[PDB]
Structures are given as C-alpha cells and as structure tokens.
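**Q** Right, I'll just put the structure down here and ask away after.
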Amino acid sequence: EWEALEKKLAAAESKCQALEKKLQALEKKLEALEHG
Amino acid sequence: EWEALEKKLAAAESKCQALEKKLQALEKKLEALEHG
Amino acid sequence: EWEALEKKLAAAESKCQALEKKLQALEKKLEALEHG
Ligand SMILES: [Hg+2]
Ligand SMILES: [Zn+2]
Ligand SMILES: [Zn+2]
Ligand SMILES: [Zn+2]
C-alpha cells in the first residue's frame, strides 16, 4: 500500500544516515593507523 | 509509475543492507590492525 | 505527496551510491595498511 511505502522510505533514509556515521567513525580510526 | 517505484525502493533497501555487511567486514579488518 | 516521494527516493539512491564509493576508498586504504 501507499502508506507502508512512505514508512519504508523513511526507514531506508535513517539506515543510510546511520551507515554514513559508522563510515565516518571507521575513517577516523583508519586515519589514526595511517598517520599515527 | 507506481510499481517501478516499489521496486526501486526494494532495490535500494537491499543495496544498503549489502553495504552494511561490507562495512562490518571492513570494521573487523580494521580492528585486527588496531589491536593486533 | 506523490512527487515528493519520487524525489526522496532518487536522493536516497544517490546517497547510497556515494557511500559505496567512500567505502571502496576506505577499503583501498585499509588494504594498503594490511598488506603494505
Ligand atoms: Hg545506504
Ligand atoms: Zn590519511
Ligand atoms: Zn579497536
Ligand atoms: Zn587484505
């Protein structure tokens, strides 16, 4: 249905933003190893 | 159209879950370098 | 509305593809540390 797709998309957006933060967190740890 | 958007979203969901697994795989390799 | 959801989804797709590239970029740096 229509509303279930609205929510699916909102959930998808929040998952991608959480994965962007995890990526930023990993990049910080990598840069420490690469320059520390 | 409507159905093409249903599928687009399903495809988007599966890509994000695959990227989450790749992220977990990279985090494991990073943690080995950081603590090994 | 309907069109705002069309665009939301397109924006979501492009964010995930940008995060895939960042992931590939990080994986390359990790592999250098792991094998260099
Ligand atoms: Hg994503
Ligand atoms: Zn660096
Ligand atoms: Zn650690
Ligand atoms: Zn390797």
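**Q** Considering only Cα-Cα distances, which of the following residue pairs are longer than 24 Å: A:8/A:28; A:21/C:21; B:8/C:29; A:21/B:28? Kindly include the intermediate steps, with their values, before the conclusion.
**A** Details: A:8/A:28 31 Å; A:21/C:21 15 Å; B:8/C:29 32 Å; A:21/B:28 17 Å.
Exceeds cut-off: A:8/A:28; B:8/C:29.
**Q** Give the distance, in whole Å, between the Cα centre of chain A and the Cα centre of the range C:1-34.
**A** If we compute the Cα centre of each part, the gap is 9 Å.
**Q** Let me ask you something else. If the reach is capped at under 15 angstrom between alpha carbons, list the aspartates and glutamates near residue B:22, excluding any in the same chain fewer than eight residues apart.
**A** Output for residue B:22: A:20, A:27, B:13, B:31, C:20, C:27, C:31.
**Q** Please report, in debye to the nearest 20, how large the charge dipole of the protein assembly as shown is about its Cα centre when each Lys and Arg carries +1 at its beta carbon and each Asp and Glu carries -1 there.
**A** For this selection, approximately 440 debye.
With ideal geometry, Cβ positions are generated from the backbone for all residues, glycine too; neighbour counts draw on all protein chains shown. Every number here is computed from the coordinates shown, using simple stated rules; none is lab data.
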